[PDB]
>>> print(open('run.cif').read())   # mmCIF, N, CA and C atoms
data_my_file
loop_
_atom_site.label_atom_id
_atom_site.label_comp_id
_atom_site.auth_asym_id
_atom_site.auth_seq_id
_atom_site.Cartn_x
_atom_site.Cartn_y
_atom_site.Cartn_z
N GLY A 1 15.59 -14.90 -130.06
CA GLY A 1 14.47 -14.93 -131.03
C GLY A 1 13.85 -13.55 -131.26
N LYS A 2 13.55 -12.85 -130.14
CA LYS A 2 12.85 -11.58 -130.17
C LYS A 2 13.68 -10.48 -129.50
N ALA A 3 13.77 -9.32 -130.17
CA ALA A 3 14.38 -8.15 -129.56
C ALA A 3 13.31 -7.46 -128.70
N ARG A 4 13.69 -7.05 -127.48
CA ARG A 4 12.74 -6.39 -126.58
C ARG A 4 13.26 -4.99 -126.30
N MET A 5 12.33 -4.08 -126.02
CA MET A 5 12.68 -2.70 -125.74
C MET A 5 13.03 -2.58 -124.25
N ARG A 6 13.83 -1.57 -123.93
CA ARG A 6 14.15 -1.25 -122.55
C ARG A 6 13.09 -0.25 -122.08
N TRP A 7 12.12 -0.78 -121.34
CA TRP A 7 11.06 0.03 -120.76
C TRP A 7 11.53 0.62 -119.43
N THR A 8 12.21 1.76 -119.52
CA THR A 8 12.67 2.44 -118.33
C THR A 8 11.46 2.99 -117.58
N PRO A 9 11.59 3.37 -116.30
CA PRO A 9 10.52 4.13 -115.64
C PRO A 9 9.98 5.31 -116.44
N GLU A 10 10.86 6.14 -117.03
CA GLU A 10 10.42 7.32 -117.77
C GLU A 10 9.60 6.90 -118.99
N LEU A 11 10.04 5.85 -119.70
CA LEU A 11 9.35 5.46 -120.91
C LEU A 11 8.00 4.80 -120.56
N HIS A 12 7.99 3.97 -119.52
CA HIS A 12 6.76 3.29 -119.14
C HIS A 12 5.74 4.33 -118.67
N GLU A 13 6.23 5.34 -117.92
CA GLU A 13 5.35 6.40 -117.45
C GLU A 13 4.74 7.15 -118.64
N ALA A 14 5.53 7.43 -119.69
CA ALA A 14 4.99 8.11 -120.86
C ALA A 14 3.92 7.25 -121.53
N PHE A 15 4.19 5.96 -121.62
CA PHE A 15 3.24 4.99 -122.14
C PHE A 15 1.92 5.01 -121.34
N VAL A 16 2.00 4.91 -120.00
CA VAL A 16 0.77 4.88 -119.21
C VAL A 16 -0.02 6.18 -119.38
N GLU A 17 0.66 7.32 -119.44
CA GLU A 17 -0.04 8.58 -119.67
C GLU A 17 -0.74 8.57 -121.02
N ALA A 18 -0.06 8.06 -122.06
CA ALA A 18 -0.70 7.93 -123.37
C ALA A 18 -1.92 7.03 -123.34
N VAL A 19 -1.81 5.85 -122.71
CA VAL A 19 -2.88 4.87 -122.64
C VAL A 19 -4.06 5.57 -121.95
N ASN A 20 -3.75 6.26 -120.83
CA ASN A 20 -4.87 6.81 -120.07
C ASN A 20 -5.55 7.92 -120.86
N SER A 21 -4.78 8.76 -121.55
CA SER A 21 -5.38 9.82 -122.34
C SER A 21 -6.32 9.27 -123.40
N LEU A 22 -6.11 8.02 -123.83
CA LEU A 22 -6.94 7.39 -124.85
C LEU A 22 -8.06 6.59 -124.23
N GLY A 23 -8.29 6.77 -122.91
CA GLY A 23 -9.39 6.08 -122.27
C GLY A 23 -9.07 4.80 -121.54
N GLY A 24 -7.76 4.47 -121.40
CA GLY A 24 -7.47 3.25 -120.68
C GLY A 24 -6.98 2.10 -121.61
N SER A 25 -6.60 0.99 -120.98
CA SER A 25 -5.87 -0.05 -121.69
C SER A 25 -6.75 -0.76 -122.71
N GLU A 26 -8.06 -0.78 -122.46
CA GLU A 26 -9.01 -1.51 -123.29
C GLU A 26 -9.39 -0.68 -124.52
N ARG A 27 -9.26 0.63 -124.43
CA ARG A 27 -9.68 1.53 -125.48
C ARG A 27 -8.51 2.01 -126.32
N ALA A 28 -7.33 2.15 -125.71
CA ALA A 28 -6.17 2.66 -126.44
C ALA A 28 -5.76 1.65 -127.54
N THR A 29 -5.22 2.20 -128.61
CA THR A 29 -4.62 1.38 -129.67
C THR A 29 -3.12 1.61 -129.65
N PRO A 30 -2.31 0.61 -130.08
CA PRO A 30 -0.88 0.83 -130.29
C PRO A 30 -0.53 2.05 -131.13
N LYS A 31 -1.27 2.25 -132.24
CA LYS A 31 -0.97 3.38 -133.10
C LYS A 31 -1.26 4.70 -132.42
N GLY A 32 -2.39 4.76 -131.69
CA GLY A 32 -2.69 5.98 -130.96
C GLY A 32 -1.65 6.30 -129.89
N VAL A 33 -1.25 5.25 -129.16
CA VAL A 33 -0.23 5.40 -128.12
C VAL A 33 1.09 5.88 -128.73
N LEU A 34 1.51 5.24 -129.84
CA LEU A 34 2.74 5.58 -130.55
C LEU A 34 2.71 7.05 -130.96
N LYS A 35 1.56 7.49 -131.51
CA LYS A 35 1.41 8.86 -131.98
C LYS A 35 1.54 9.86 -130.85
N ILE A 36 0.95 9.54 -129.68
CA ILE A 36 1.04 10.45 -128.55
C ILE A 36 2.46 10.53 -127.98
N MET A 37 3.12 9.36 -127.87
CA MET A 37 4.39 9.27 -127.16
C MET A 37 5.48 10.04 -127.89
N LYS A 38 5.49 9.93 -129.24
CA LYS A 38 6.48 10.64 -130.05
C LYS A 38 7.90 10.38 -129.54
N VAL A 39 8.26 9.10 -129.43
CA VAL A 39 9.57 8.73 -128.90
C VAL A 39 10.43 8.22 -130.07
N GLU A 40 11.60 8.84 -130.24
CA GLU A 40 12.52 8.39 -131.28
C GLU A 40 12.89 6.93 -131.06
N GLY A 41 12.73 6.12 -132.12
CA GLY A 41 13.11 4.72 -132.03
C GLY A 41 11.94 3.82 -131.66
N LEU A 42 10.83 4.39 -131.18
CA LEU A 42 9.78 3.50 -130.73
C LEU A 42 9.01 3.01 -131.95
N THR A 43 8.56 1.76 -131.95
CA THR A 43 7.81 1.23 -133.08
C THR A 43 6.49 0.62 -132.64
N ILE A 44 5.61 0.37 -133.61
CA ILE A 44 4.31 -0.24 -133.34
C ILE A 44 4.51 -1.59 -132.70
N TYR A 45 5.52 -2.32 -133.18
CA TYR A 45 5.65 -3.69 -132.71
C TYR A 45 5.86 -3.68 -131.20
N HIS A 46 6.69 -2.72 -130.75
CA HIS A 46 7.11 -2.66 -129.35
C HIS A 46 6.00 -2.11 -128.46
N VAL A 47 5.30 -1.11 -128.98
CA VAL A 47 4.12 -0.59 -128.24
C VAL A 47 3.06 -1.67 -128.08
N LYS A 48 2.79 -2.43 -129.18
CA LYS A 48 1.79 -3.47 -129.11
C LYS A 48 2.16 -4.52 -128.07
N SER A 49 3.45 -4.89 -128.09
CA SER A 49 3.92 -5.90 -127.16
C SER A 49 3.71 -5.45 -125.71
N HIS A 50 4.11 -4.21 -125.44
CA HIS A 50 4.02 -3.64 -124.10
C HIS A 50 2.56 -3.50 -123.70
N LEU A 51 1.69 -3.12 -124.64
CA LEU A 51 0.29 -2.91 -124.30
C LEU A 51 -0.37 -4.26 -123.96
N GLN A 52 0.03 -5.32 -124.68
CA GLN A 52 -0.50 -6.63 -124.39
C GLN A 52 -0.03 -7.08 -123.01
N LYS A 53 1.25 -6.82 -122.69
CA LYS A 53 1.78 -7.19 -121.38
C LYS A 53 1.05 -6.38 -120.31
N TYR A 54 0.85 -5.07 -120.55
CA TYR A 54 0.18 -4.17 -119.60
C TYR A 54 -1.23 -4.67 -119.31
N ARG A 55 -1.97 -5.08 -120.35
CA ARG A 55 -3.29 -5.64 -120.15
C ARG A 55 -3.21 -6.92 -119.30
N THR A 56 -2.19 -7.75 -119.52
CA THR A 56 -2.05 -9.01 -118.80
C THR A 56 -1.79 -8.70 -117.32
N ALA A 57 -0.87 -7.76 -117.07
CA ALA A 57 -0.49 -7.32 -115.73
C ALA A 57 -1.68 -6.75 -114.94
N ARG A 58 -2.63 -6.13 -115.67
CA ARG A 58 -3.70 -5.25 -115.21
C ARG A 58 -3.16 -3.81 -115.02
N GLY B 1 6.47 17.25 -110.42
CA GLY B 1 5.97 16.40 -109.30
C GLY B 1 4.93 15.39 -109.79
N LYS B 2 3.67 15.83 -109.82
CA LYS B 2 2.54 14.99 -110.23
C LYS B 2 1.85 15.58 -111.46
N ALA B 3 1.46 14.68 -112.38
CA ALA B 3 0.66 15.04 -113.54
C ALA B 3 -0.76 15.44 -113.10
N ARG B 4 -1.39 16.38 -113.81
CA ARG B 4 -2.82 16.57 -113.65
C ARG B 4 -3.54 15.40 -114.33
N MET B 5 -4.63 14.91 -113.75
CA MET B 5 -5.49 13.93 -114.43
C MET B 5 -6.43 14.74 -115.32
N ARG B 6 -6.21 14.70 -116.65
CA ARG B 6 -7.01 15.51 -117.55
C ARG B 6 -8.10 14.64 -118.17
N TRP B 7 -9.34 15.18 -118.13
CA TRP B 7 -10.48 14.49 -118.74
C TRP B 7 -10.51 14.76 -120.26
N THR B 8 -9.69 13.98 -120.96
CA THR B 8 -9.61 14.06 -122.42
C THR B 8 -10.94 13.62 -122.99
N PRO B 9 -11.26 13.97 -124.26
CA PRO B 9 -12.48 13.46 -124.87
C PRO B 9 -12.63 11.94 -124.75
N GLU B 10 -11.50 11.15 -124.94
CA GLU B 10 -11.65 9.71 -124.86
C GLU B 10 -11.90 9.20 -123.43
N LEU B 11 -11.29 9.83 -122.42
CA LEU B 11 -11.53 9.40 -121.05
C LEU B 11 -12.94 9.81 -120.63
N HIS B 12 -13.37 11.00 -121.07
CA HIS B 12 -14.73 11.42 -120.77
C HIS B 12 -15.73 10.44 -121.41
N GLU B 13 -15.47 10.05 -122.70
CA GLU B 13 -16.38 9.12 -123.35
C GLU B 13 -16.47 7.80 -122.56
N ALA B 14 -15.34 7.31 -122.06
CA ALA B 14 -15.37 6.07 -121.25
C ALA B 14 -16.23 6.24 -120.00
N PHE B 15 -16.05 7.41 -119.35
CA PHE B 15 -16.88 7.79 -118.21
C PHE B 15 -18.36 7.79 -118.55
N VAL B 16 -18.75 8.39 -119.68
CA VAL B 16 -20.16 8.51 -120.01
C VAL B 16 -20.78 7.11 -120.24
N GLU B 17 -20.01 6.26 -120.90
CA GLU B 17 -20.48 4.89 -121.11
C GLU B 17 -20.69 4.15 -119.78
N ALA B 18 -19.76 4.37 -118.83
CA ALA B 18 -19.92 3.73 -117.52
C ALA B 18 -21.15 4.26 -116.80
N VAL B 19 -21.32 5.61 -116.77
CA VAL B 19 -22.46 6.21 -116.10
C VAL B 19 -23.76 5.67 -116.70
N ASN B 20 -23.80 5.56 -118.03
CA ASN B 20 -25.04 5.14 -118.69
C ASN B 20 -25.41 3.71 -118.23
N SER B 21 -24.41 2.86 -118.19
CA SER B 21 -24.68 1.50 -117.74
C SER B 21 -25.20 1.44 -116.30
N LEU B 22 -24.83 2.40 -115.45
CA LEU B 22 -25.23 2.41 -114.07
C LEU B 22 -26.54 3.17 -113.86
N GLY B 23 -27.22 3.54 -114.97
CA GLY B 23 -28.55 4.09 -114.87
C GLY B 23 -28.59 5.61 -114.89
N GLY B 24 -27.45 6.21 -115.27
CA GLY B 24 -27.44 7.65 -115.38
C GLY B 24 -26.65 8.33 -114.28
N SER B 25 -26.49 9.65 -114.42
CA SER B 25 -25.54 10.31 -113.53
C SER B 25 -25.95 10.33 -112.06
N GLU B 26 -27.25 10.40 -111.75
CA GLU B 26 -27.60 10.49 -110.34
C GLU B 26 -27.50 9.11 -109.71
N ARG B 27 -27.83 8.09 -110.49
CA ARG B 27 -27.84 6.73 -109.92
C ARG B 27 -26.44 6.15 -109.81
N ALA B 28 -25.56 6.49 -110.77
CA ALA B 28 -24.19 5.99 -110.74
C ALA B 28 -23.49 6.41 -109.46
N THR B 29 -22.64 5.51 -108.96
CA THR B 29 -21.77 5.91 -107.85
C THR B 29 -20.38 6.13 -108.42
N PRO B 30 -19.59 7.01 -107.78
CA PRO B 30 -18.19 7.14 -108.20
C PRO B 30 -17.36 5.88 -108.16
N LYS B 31 -17.55 5.06 -107.10
CA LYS B 31 -16.80 3.82 -107.09
C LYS B 31 -17.21 2.87 -108.21
N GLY B 32 -18.49 2.82 -108.53
CA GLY B 32 -18.91 1.96 -109.62
C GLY B 32 -18.28 2.37 -110.96
N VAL B 33 -18.29 3.71 -111.20
CA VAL B 33 -17.66 4.24 -112.41
C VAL B 33 -16.18 3.90 -112.46
N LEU B 34 -15.47 4.12 -111.33
CA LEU B 34 -14.06 3.81 -111.21
C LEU B 34 -13.77 2.34 -111.49
N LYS B 35 -14.64 1.46 -110.98
CA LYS B 35 -14.46 0.02 -111.19
C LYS B 35 -14.60 -0.37 -112.65
N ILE B 36 -15.60 0.25 -113.33
CA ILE B 36 -15.80 -0.01 -114.74
C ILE B 36 -14.66 0.51 -115.61
N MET B 37 -14.18 1.74 -115.30
CA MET B 37 -13.20 2.37 -116.15
C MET B 37 -11.82 1.71 -116.08
N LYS B 38 -11.45 1.17 -114.91
CA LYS B 38 -10.13 0.52 -114.81
C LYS B 38 -8.96 1.31 -115.43
N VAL B 39 -8.69 2.56 -114.98
CA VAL B 39 -7.62 3.39 -115.49
C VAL B 39 -6.59 3.58 -114.35
N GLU B 40 -5.31 3.27 -114.64
CA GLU B 40 -4.31 3.33 -113.57
C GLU B 40 -4.08 4.77 -113.11
N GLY B 41 -4.19 4.96 -111.76
CA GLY B 41 -4.01 6.32 -111.30
C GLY B 41 -5.33 7.05 -111.10
N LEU B 42 -6.41 6.61 -111.78
CA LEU B 42 -7.68 7.36 -111.59
C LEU B 42 -8.15 7.02 -110.19
N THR B 43 -8.63 8.07 -109.49
CA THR B 43 -9.12 7.85 -108.16
C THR B 43 -10.59 8.19 -108.01
N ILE B 44 -11.12 7.78 -106.85
CA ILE B 44 -12.48 8.15 -106.51
C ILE B 44 -12.70 9.64 -106.51
N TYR B 45 -11.67 10.40 -106.14
CA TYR B 45 -11.84 11.84 -106.14
C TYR B 45 -11.92 12.45 -107.53
N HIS B 46 -11.10 11.95 -108.48
CA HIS B 46 -11.23 12.46 -109.85
C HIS B 46 -12.65 12.17 -110.34
N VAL B 47 -13.10 10.90 -110.12
CA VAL B 47 -14.39 10.56 -110.70
C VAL B 47 -15.50 11.33 -109.97
N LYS B 48 -15.45 11.50 -108.62
CA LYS B 48 -16.50 12.28 -107.95
C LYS B 48 -16.59 13.69 -108.49
N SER B 49 -15.43 14.32 -108.67
CA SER B 49 -15.40 15.68 -109.20
C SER B 49 -16.09 15.77 -110.57
N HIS B 50 -15.73 14.83 -111.46
CA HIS B 50 -16.30 14.87 -112.79
C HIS B 50 -17.79 14.53 -112.73
N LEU B 51 -18.14 13.52 -111.91
CA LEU B 51 -19.55 13.10 -111.86
C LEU B 51 -20.42 14.19 -111.23
N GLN B 52 -19.90 14.99 -110.29
CA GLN B 52 -20.72 16.06 -109.71
C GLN B 52 -21.07 17.08 -110.79
N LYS B 53 -20.05 17.43 -111.61
CA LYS B 53 -20.32 18.33 -112.71
C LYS B 53 -21.33 17.69 -113.68
N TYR B 54 -21.12 16.40 -114.00
CA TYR B 54 -21.95 15.79 -115.04
C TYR B 54 -23.42 15.67 -114.55
N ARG B 55 -23.64 15.51 -113.22
CA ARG B 55 -24.99 15.44 -112.69
C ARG B 55 -25.77 16.72 -113.00
N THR B 56 -25.09 17.88 -113.01
CA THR B 56 -25.74 19.16 -113.25
C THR B 56 -25.85 19.46 -114.74
N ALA B 57 -25.19 18.68 -115.59
CA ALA B 57 -25.21 18.88 -117.06
C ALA B 57 -26.60 18.68 -117.66
N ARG B 58 -26.94 19.61 -118.58
CA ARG B 58 -28.18 19.53 -119.32
C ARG B 58 -28.20 18.33 -120.28
N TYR B 59 -27.07 18.00 -120.95
CA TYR B 59 -27.08 17.04 -122.03
C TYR B 59 -26.18 15.85 -121.71
N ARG B 60 -26.51 14.73 -122.36
CA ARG B 60 -25.53 13.48 -122.22
C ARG B 60 -23.99 13.88 -122.68
#
>>> encode(input="run.cif", output="structure tokens")
Amino acid sequence: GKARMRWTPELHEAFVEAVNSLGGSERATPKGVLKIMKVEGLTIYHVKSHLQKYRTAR
Amino acid sequence: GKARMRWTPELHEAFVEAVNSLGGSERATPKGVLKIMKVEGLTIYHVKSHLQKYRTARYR
């Protein structure tokens, strides 16, 4: 049904650094995270999905 | 090895909001700020360092 991204350690680490630079999981936006990460192939849909999961995880 | 924890404008703004809720910079504790901010990797030492500077700051 849904295509999922391969969140490697390196990619997840880049994501967490982006989230933190934007003030944390509650303050960061998918678009802001996407803009900071500058990863070829990454999309809003996938960042949003991961950010929602990250918030769920804590 | 390890990233520096940089106090970006957005992370600083989150900090200031937490301090304000705790009654200002002298009344706030570092652990209280840390608990409010919920940022992965942020430690009591990062927040103490920043809060010590902010206590001496003239302006919000």
>>> residues_near_point(input="run.cif", point="(-4.9, 7.1, -121.9)", cutoff="9 Å", atoms="only C-alpha atoms", output="PDB file with N, CA and C atoms, in the frame of the given file")
ATOM      1  N   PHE A  15       4.190   5.960-121.620  1.00  0.00           N
ATOM      2  CA  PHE A  15       3.240   4.990-122.140  1.00  0.00           C
ATOM      3  C   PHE A  15       1.920   5.010-121.340  1.00  0.00           C
ATOM      4  N   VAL A  16       2.000   4.910-120.000  1.00  0.00           N
ATOM      5  CA  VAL A  16       0.770   4.880-119.210  1.00  0.00           C
ATOM      6  C   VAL A  16      -0.020   6.180-119.380  1.00  0.00           C
ATOM      7  N   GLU A  17       0.660   7.320-119.440  1.00  0.00           N
ATOM      8  CA  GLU A  17      -0.040   8.580-119.670  1.00  0.00           C
ATOM      9  C   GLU A  17      -0.740   8.570-121.020  1.00  0.00           C
ATOM     10  N   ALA A  18      -0.060   8.060-122.060  1.00  0.00           N
ATOM     11  CA  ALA A  18      -0.700   7.930-123.370  1.00  0.00           C
ATOM     12  C   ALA A  18      -1.920   7.030-123.340  1.00  0.00           C
ATOM     13  N   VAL A  19      -1.810   5.850-122.710  1.00  0.00           N
ATOM     14  CA  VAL A  19      -2.880   4.870-122.640  1.00  0.00           C
ATOM     15  C   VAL A  19      -4.060   5.570-121.950  1.00  0.00           C
ATOM     16  N   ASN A  20      -3.750   6.260-120.830  1.00  0.00           N
ATOM     17  CA  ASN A  20      -4.870   6.810-120.070  1.00  0.00           C
ATOM     18  C   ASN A  20      -5.550   7.920-120.860  1.00  0.00           C
ATOM     19  N   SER A  21      -4.780   8.760-121.550  1.00  0.00           N
ATOM     20  CA  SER A  21      -5.380   9.820-122.340  1.00  0.00           C
ATOM     21  C   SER A  21      -6.320   9.270-123.400  1.00  0.00           C
ATOM     22  N   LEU A  22      -6.110   8.020-123.830  1.00  0.00           N
ATOM     23  CA  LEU A  22      -6.940   7.390-124.850  1.00  0.00           C
ATOM     24  C   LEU A  22      -8.060   6.590-124.230  1.00  0.00           C
ATOM     25  N   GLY A  23      -8.290   6.770-122.910  1.00  0.00           N
ATOM     26  CA  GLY A  23      -9.390   6.080-122.270  1.00  0.00           C
ATOM     27  C   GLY A  23      -9.070   4.800-121.540  1.00  0.00           C
ATOM     28  N   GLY A  24      -7.760   4.470-121.400  1.00  0.00           N
ATOM     29  CA  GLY A  24      -7.470   3.250-120.680  1.00  0.00           C
ATOM     30  C   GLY A  24      -6.980   2.100-121.610  1.00  0.00           C
ATOM     31  N   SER A  25      -6.600   0.990-120.980  1.00  0.00           N
ATOM     32  CA  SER A  25      -5.870  -0.050-121.690  1.00  0.00           C
ATOM     33  C   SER A  25      -6.750  -0.760-122.710  1.00  0.00           C
ATOM     34  N   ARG A  27      -9.260   0.630-124.430  1.00  0.00           N
ATOM     35  CA  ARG A  27      -9.680   1.530-125.480  1.00  0.00           C
ATOM     36  C   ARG A  27      -8.510   2.010-126.320  1.00  0.00           C
ATOM     37  N   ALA A  28      -7.330   2.150-125.710  1.00  0.00           N
ATOM     38  CA  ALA A  28      -6.170   2.660-126.440  1.00  0.00           C
ATOM     39  C   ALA A  28      -5.760   1.650-127.540  1.00  0.00           C
ATOM     40  N   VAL A  33      -1.250   5.250-129.160  1.00  0.00           N
ATOM     41  CA  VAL A  33      -0.230   5.400-128.120  1.00  0.00           C
ATOM     42  C   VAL A  33       1.090   5.880-128.730  1.00  0.00           C
TER      43      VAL A  33
ATOM     44  N   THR B   8      -9.690  13.980-120.960  1.00  0.00           N
ATOM     45  CA  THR B   8      -9.610  14.060-122.420  1.00  0.00           C
ATOM     46  C   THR B   8     -10.940  13.620-122.990  1.00  0.00           C
ATOM     47  N   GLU B  10     -11.500  11.150-124.940  1.00  0.00           N
ATOM     48  CA  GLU B  10     -11.650   9.710-124.860  1.00  0.00           C
ATOM     49  C   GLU B  10     -11.900   9.200-123.430  1.00  0.00           C
ATOM     50  N   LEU B  11     -11.290   9.830-122.420  1.00  0.00           N
ATOM     51  CA  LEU B  11     -11.530   9.400-121.050  1.00  0.00           C
ATOM     52  C   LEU B  11     -12.940   9.810-120.630  1.00  0.00           C
ATOM     53  N   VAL B  39      -8.690   2.560-114.980  1.00  0.00           N
ATOM     54  CA  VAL B  39      -7.620   3.390-115.490  1.00  0.00           C
ATOM     55  C   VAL B  39      -6.590   3.580-114.350  1.00  0.00           C
TER      56      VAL B  39
END
>>> select_by_dssp(input="run.cif", residues="chain A", states="helix (DSSP H, G or I)", output="MDAnalysis selection string")
chainID A and resid 9:21 30:37 44:57
>>> closest_atom_pairs(input="run.cif", of="chain B", to="chain A", cutoff="8 Å", atoms="all atoms listed in the file", output="Markdown table")
| residue | atom | partner | partner_atom | distance |
| --- | --- | --- | --- | --- |
| B:6 | C | A:21 | CA | 6.9 |
| B:7 | C | A:21 | CA | 7.4 |
| B:8 | CA | A:21 | C | 5.9 |
| B:9 | N | A:21 | C | 6.9 |
| B:10 | C | A:23 | CA | 4.2 |
| B:11 | CA | A:23 | CA | 4.1 |
| B:12 | N | A:23 | CA | 6.4 |
| B:13 | N | A:23 | CA | 7.3 |
| B:14 | CA | A:23 | CA | 6.1 |
| B:15 | N | A:23 | CA | 7.4 |
| B:37 | C | A:24 | CA | 6.5 |
| B:38 | C | A:24 | CA | 5.8 |
| B:39 | CA | A:24 | CA | 5.2 |
| B:40 | N | A:24 | CA | 6.4 |
>>> atom_distance(input="run.cif", atom1="atom N of residue 30 (chain A)", atom2="CA of residue 19 (chain B)")
25.2 Å
>>> residues_near_point(input="run.cif", point="(2.9, -3.3, -122.7)", cutoff="12 Å", atoms="only C-alpha atoms", output="ChimeraX atom specification")
/A:4-7,11-16,18-19,25,28-30,33-34,44-58
>>> residues_around(input="run.cif", residues="region 23-36 of chain B", least_positions_apart="6", cutoff="7 Å", atoms="only N, CA and C atoms", output="ChimeraX atom specification")
/B:15,42-44,47-48,51,54-55
>>> axis_aligned_box(input="run.cif", around="region 38-43 of chain A", padding_each_side="4 Å", output="AutoDock Vina command-line options")
--center_x 9.3 --center_y 5.6 --center_z -131.0 --size_x 15.6 --size_y 18.0 --size_z 12.2
>>> atom_distance(input="run.cif", atom1="atom C of residue 35 (chain A)", atom2="CA of residue 16 (chain B)")
24.3 Å
>>> atom_distance(input="run.cif", atom1="CA of residue 57 (chain B)", atom2="atom C of residue 5 (chain B)")
19.3 Å
